[PDB]
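[1] Build me a model:
(chains A and B, ligands or ions: 2)
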Protein chains: 2
Amino acid sequence: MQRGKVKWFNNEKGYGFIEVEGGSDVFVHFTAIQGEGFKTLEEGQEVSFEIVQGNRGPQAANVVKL
Amino acid sequence: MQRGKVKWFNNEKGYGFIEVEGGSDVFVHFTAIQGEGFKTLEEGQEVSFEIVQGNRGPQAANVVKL
Ligand code: NA
Ligand code: NA
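    Residues are numbered from 1 along each chain as shown, chains lettered A, B, ... in the order given. Ligands and ions are numbered 1, 2, ... in the order given. Right below this line is the structure:
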């Protein structure tokens, strides 16, 4: 588990990337976003998350807005 | 998606396992469950999901109640 900030998120498409200090960007799909409310992220938002490997490569899991 | 059936799920602990045909049971955490509902599953529940590899091995992502 670790923290990062949303790099960008296309609200219409429901995905974007988390930027990591000193690391590679991490793909994030809306289905990973925790909490209640419309599943979205905004550029700059700090998040905690886990990295998992799926068929398309690394992606975020358990994305909590801080 | 992959299909399976919930073997058990403990809604106090927030986890359980999904049984899948021809393979090992897959760990499922409440944070993977989709829907604005309460994030719980019940024994026997048919689901669609994705298997991803996390730091503890295979686990469920994107768990949708069918
Ligand atoms: Na970076
Ligand atoms: Na099995």
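
[2] drop to CA atoms for contacts and neighbour counts, all remaining ones
    Noted.

[3] so which helix or strand takes in residue A:49?
    Following DSSP states H and E, one finds residue A:49 within strand A:46-54.

[4] Also residue A:7?
    Secondary structure from DSSP H and E places residue A:7 in strand A:2-10.

[5] Can you tell me what sits against that strand?
    With contact meaning Cα atoms under 8 Å, 6 or more residues apart in numbering or on different chains, strand A:2-10 is reached by A:15-21, A:40-50.

[6] Buried only: go through these for me.
    Among the contacts of strand A:2-10, the ones that count as buried by 16 or more other Cα atoms under 10 Å in any protein chain shown are A:15-19, A:40-41, A:46-50.

[7] tell me the contacts of residue A:1?
    When contacts are counted by Cα under 8 Å, 6+ apart, residue A:1 is found next to A:48-51.

[8] Residue A:59: neighbouring residues, count only.
    Counted by other Cα atoms under 10 Å in any protein chain shown, the residues lying close to residue A:59 total 21.

[9] Now do the contacts for it.
    Contact analysis of residue A:59 by Cα under 8 Å, 6+ apart lists A:26-29, A:51-53.

[10] can you redo those residues as a markdown table with neighbour count and distance to ligand 1?
    Shown next, in a markdown table, are the contacts of residue A:59 (neighbours: other Cα atoms under 10 Å in any protein chain shown; distance: Cα to the ion, whole Å):
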| residue | neighbour count | distance to ligand 1 |
| --- | --- | --- |
| A:26 | 22 | 9 |
| A:27 | 20 | 12 |
| A:28 | 25 | 15 |
| A:29 | 21 | 18 |
| A:51 | 20 | 14 |
| A:52 | 22 | 17 |
| A:53 | 17 | 18 |
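
[11] Out of these, which are close to chain B?
    Taking Cα under 8 Å from any Cα of the partner chain as the test, chain B is in contact with A:51-53 out of those.

[12] Could you check how far stretch A:45-60 is from the centre of its chain?
    Mean-position distance between stretch A:45-60 and its chain equals 6 Å (Cα atoms, centre = their mean, to the nearest Å).

[13] That's all I had, so thanks and see you.
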